[PDB]
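Q: So that we are looking at the same thing, I have put the structure below in structure tokens.
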Amino acid sequence: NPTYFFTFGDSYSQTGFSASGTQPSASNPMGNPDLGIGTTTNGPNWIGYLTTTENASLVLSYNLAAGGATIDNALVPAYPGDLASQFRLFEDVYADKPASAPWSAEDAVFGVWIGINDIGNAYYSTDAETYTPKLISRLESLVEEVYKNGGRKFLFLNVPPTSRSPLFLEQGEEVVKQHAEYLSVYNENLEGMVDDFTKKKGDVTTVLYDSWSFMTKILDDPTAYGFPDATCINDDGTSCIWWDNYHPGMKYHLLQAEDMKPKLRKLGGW
């Protein structure tokens, strides 16, 4: 009895899944590509680990996340495959519960990890207090589309401290600071929206996962987690926190998936 795990996000979540590629099944839960391909980690990412390593029952992953994504190109633009476009792909292919993915309220989980690129692109040019509500409102309206299709179980990850990635560290401490302060307001507004949605609907199961505090713990004490420091890069994905200057590696993603597992019990697959 599968859990249908539909995910939406950016390069922290991408796996290169195609809606026309091999589709998820019990024998092949990711569908396509093979587990550990198509990521920014050198191996599985958090979704691959939640689906195949940390799962308590059968999870089928339909991963619509796309590199570089922002929430909506009408707000902060970047790449064609924004979050809005990912929801449209869901609308086009899976929303009507095809025989390939015959989901229902009781067994579908919709996971969203977005905001890294909205913040990365807008932190110096917009006012967080007035602008981040616009971003969060658009996220909420996309979530409402899935609610209208019958979705009831939702997972939201807050934005991790990309302020402390090598890419940002190299821009100077005051840029790190400006980015981090803007990010904190976005994350607060995200939490507010998730709480408000949960209460207003009354028939949903939600999880807000605080990836920010988890990654910050590791950055603050890297050797406690088997990393030599909080700044080194290694494309093996395991010697350093960072796989490249802006993305954490497979070891980090596994530690995050393990941290998430108990928090996801209420969603049915863990």
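Q: Please compute the net charge surrounding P262, taking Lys and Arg as +1 and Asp and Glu as -1 over other residues with Cβ under 14 Å from its Cβ.
A: 0
Q: Shape verdict for the chain, please, from the Cα gyration tensor: rounded (a/c under 1.5), prolate (a/b greater than b/c) or oblate.
A: In terms of gyration-tensor shape, oblate.
Q: Next question, about the same structure. Given the DSSP H assignment, sum -39500 (n - 2.57) over each helix run of at least 4 residues in the chain and divide by its residue total; what's the result at 222 nm in deg cm²/dmol, nearest 500?
A: One gets -12000 deg cm²/dmol as the mean residue ellipticity at 222 nm.
Q: A further question follows. Explain nothing, just the number: relative contact order of the chain, from Cα pairs under 8 Å at least 6 residues apart, as a whole percent.
A: That works out to 22 percent.
Q: Over what distance in Å are the Cα centres of segment 166-233 and segment 240-261 separated?
A: 13 Å
Q: I would also like to ask the following. Want the number for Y79 to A19: 0.36 nm per residue separation, take away the alpha-carbon distance, what's left?
A: 19.7 nm
Q: Hey, another quick one. Going through the cross-link list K177/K201; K148/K217; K97/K201; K201/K251; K199/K251; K97/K200, which pairs have a Cα-Cα distance over 32 Å in this structure?
A: Long pairs (Cα-Cα over 32 Å): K177/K201; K148/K217; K201/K251; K199/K251.
Where a number appears in this text, it was derived from the coordinates with a stated rule and is not lab data. Note: ideal-geometry Cβ built from the backbone for every residue, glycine included; neighbour counts use all protein chains shown.
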